[PDB]
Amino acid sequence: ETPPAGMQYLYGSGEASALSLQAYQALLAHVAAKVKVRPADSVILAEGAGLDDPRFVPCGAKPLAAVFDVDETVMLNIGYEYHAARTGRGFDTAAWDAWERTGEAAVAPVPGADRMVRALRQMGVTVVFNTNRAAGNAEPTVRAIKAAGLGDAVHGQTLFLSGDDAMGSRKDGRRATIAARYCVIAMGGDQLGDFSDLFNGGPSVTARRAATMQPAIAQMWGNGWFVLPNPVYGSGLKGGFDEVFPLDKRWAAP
């Protein structure tokens, strides 16, 4: 009779709201500093850079911008996750497609996303969305973004979707398009693929966690790359016992 713990946490708890507000406060402070003192590097990795040796698209004289993942980064998909909890069928690509098409009035903003987006625009920073919602559902997604109070997104200018190129769920191509036009000074997401495709398509659960602590990646967290919680679905909900609970740290009760 109770929803899954991850959904209780993410959608129900004050803990999760405080955590999200924290991310957006750190992001606004970071953008503010960069608006006063424009950086040499943008926050989007250069083509061909690896997690071994991160290099970035330079900032240049391009217009300042912030890039956001949509789902569980600025918008909470309450309707869909209600359905998943009611039915137990969270993995259902056809129902997800229906949801992309008809869910625009069952979303809520992530706590602080509305204030955060308004502030970015008042600082002269363009807000750009890069989501793996499908291109053919661009218009319902625009209306869902507007309904969540996040403003007016425009396909191919400030909204980039899966299928806008032939890389599928890989977002690096769209990041490159975006970084070719703007100086992206902050990027927000709830999954590591919202920052680099290099975290996915191969690396194990333990490899990906280690990669976030690589020094040139680790410096980005809360300082260019901003993270929102998602213990409900996606690339964080993987791994067996040996990858979640490493064996030097195990213990048995008496």
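By rigid core we mean the largest C-alpha set that fits within 1.5 Å across both forms. Numbers follow the displayed sequence, beginning with 1.
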property: Stretch with larger C-alpha RMS deviation in 4 other deposited structures of this protein, core superposed, 47-55 versus 218-226; result: 47-55
property: Residue 90 coordinate gap across at least a third of other entries; result: yes
property: 57-65 set against 193-201, stretch whose average Cα temperature factor tops the other in the entry; result: 57-65
property: Mean C-alpha temperature factor, higher of 122-130 and 69-77; result: 122-130
property: Candidate residues 210, 27, 35, 227, the one whose C-alpha B factor the record puts highest; result: 35
property: Options 82, 99, 160, 91 - largest CA temperature factor per the record; result: 91
property: Chain-relative CA temperature factor third for residue 5; result: lowest
property: Residue 214 by Cα B-factor - lowest, middle or highest third of the modelled chain; result: middle
